[PDB]
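Included below are structure tokens for two forms of one protein chain, each presented in isolation as structure 1 and structure 2.
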Structure 1
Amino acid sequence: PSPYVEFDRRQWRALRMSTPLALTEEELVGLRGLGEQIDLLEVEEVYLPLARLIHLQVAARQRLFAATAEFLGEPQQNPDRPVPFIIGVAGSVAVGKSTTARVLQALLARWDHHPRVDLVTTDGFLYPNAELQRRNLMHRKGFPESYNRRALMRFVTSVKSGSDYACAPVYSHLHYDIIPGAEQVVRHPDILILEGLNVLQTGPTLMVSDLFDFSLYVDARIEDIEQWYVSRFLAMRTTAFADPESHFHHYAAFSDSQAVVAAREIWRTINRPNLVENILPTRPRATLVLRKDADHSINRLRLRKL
């Protein structure tokens, strides 16, 4: 007896899921439009129903806003609109958060109830590298204290307050640092998806997850994430590591054997301990847990019972 409705992938496919409603030409185009070999049979068979489920929560919240506003006789201090519905997305580095978040963004946007869907990563709230050196935290990049938690919280509070303007900084996955002066502006979207390692973490007072209406945790076996983490590092030889500007340049040259060793070391010393200590404990706090197989595909969904 547990707080989850659990489905494996078979069962979830085996449906009897009221109206189907398919993806268009068109919508499938735009979804490879970000398609790092993004599996479209997975988008259609897992992510789309999952997006409908969430849509039911967004729609219910919009109708609550209205039943509540009507009851109070719409006073001058109640907002005219629902404030943004915020969805958190948590999980290890290299688990596919970003893809999950990007797919959901694209799918949720197709409803008339909420076509304006934003996506912000908390990576942009990490302290800049120089700032991090100054605090003796470089070896702790991506641990909770590596983020400007106060700015992170002010941002989400601003969005949840029905502000019309809220700005976050930006983090380069090329330079592995904050890009000075770059900014992402959010403008009272109907939905904000907030993606990051730390979004479901707790603190002593009001924490950002207090401002979430729904959250996901992307899960997998820790040996599988290590493998995806390694592959991603290797593939970086061709891309980000290829620039001589990079602090990781000397890595371009490494053979598959030596790049592995260098990767398995950052995993072991930084990302794995971060996962075990700080990220995985936040997993039972999510509304929905998606567990991925070694081959990247979803094999299990746990949804909090309603």
Structure 2
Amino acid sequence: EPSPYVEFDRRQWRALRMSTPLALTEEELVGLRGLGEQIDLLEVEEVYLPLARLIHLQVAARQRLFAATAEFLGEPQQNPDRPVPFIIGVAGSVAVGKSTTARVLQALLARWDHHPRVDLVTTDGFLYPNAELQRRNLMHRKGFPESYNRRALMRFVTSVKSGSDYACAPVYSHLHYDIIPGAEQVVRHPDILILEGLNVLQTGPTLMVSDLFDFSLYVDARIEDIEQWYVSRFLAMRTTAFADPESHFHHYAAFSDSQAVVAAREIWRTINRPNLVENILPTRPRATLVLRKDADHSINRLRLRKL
């Protein structure tokens, strides 16, 4: 059976590093690593460095493609100080590590030789505000496709990829659990834009951000593991994020281990798990690279799209 995909173990994948230099310190890694994440410099070298080599091979190759369409159209030569931005999507469940994966990726690419402008945007900022979610009866479906302003999202990425000087995204506050009035993240003709969220790989009856991705990753793990990671993070957060009296979820800080486990499981069951099974997982087949994690968070398997 021929296949669009090729499967690697960590042994096979890490050979593909060739001579890519490691440009990240252990301390720098910490600044990027999320609560509960196990990524170390060795995963960076054995997993993220071949990745970064793949990507940089494909950035130049993907530029030929837009150049052919320019040539056809009898369009001028593209300013080499403004190529067409390479767009990278990163997807997966809540709690699977995908935001760290994306932050690490950004760090690695920014440190490539010619110092590319590499911006990172999460879909959080494109959530409808709570007052608007409440209007729509969606206050308990944050993360589902319909809880996002997908039109604004598509506009944002279309703007950036189509060469705009600047494009703006709104900004979400996890502390306050809402969009921040007046806050903008401004992206200015970067060379690479990484877009990370749950359903960014979705497809449908209109052109969507996934149709603009030049490359995508999906961070995968067994569902039962993800839940464990999610519950455990929730318990840990009683003394980090929920401890802040300003935090929308401050009431959780004083939950017993057992009360906390019960609350987190209920949130997993009613929100995150269904969103995962119904919307996120069905996008996995399309990702250029699936990063498969074991129960201990360690990436030991990879699936690349060769077609």
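Take the two forms, find the largest set of C-alpha atoms that superpose within 1.5 Å, and that set is the rigid core. All residue numbers here follow the sequence of structure 1, with the first residue given the number 1.
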Query raised in the report: If you fit the rigid core between structure 1 and structure 2, which of 276, 266, 34, 253 ends up with a C-alpha shift of 2 Å or more?
Result: 34
Query - Residue shift check between structure 1 and structure 2, rigid core fit, residue 149 Cα at least 2 Å - result: no
Query - Cα displacement of residue 81 between structure 1 and structure 2 reaching 2 Å, rigid core superposed - result: yes
Report task. State yes or no: after fitting on the rigid core, is the Cα displacement of residue 113 between structure 1 and structure 2 at least 2 Å? Result -> yes
Report summary line: Shift of the Cα of residue 236 between structure 1 and structure 2 with the rigid core overlaid, in Å, rounds to 1.3
**Report entry** Shift in Å of the C-alpha at residue 14 between structure 1 and structure 2 after core superposition
**Finding:** 5.1
Report summary line: Using a rigid core superposition, the C-alpha offset of residue 25 between structure 1 and structure 2 in Å is 8.6
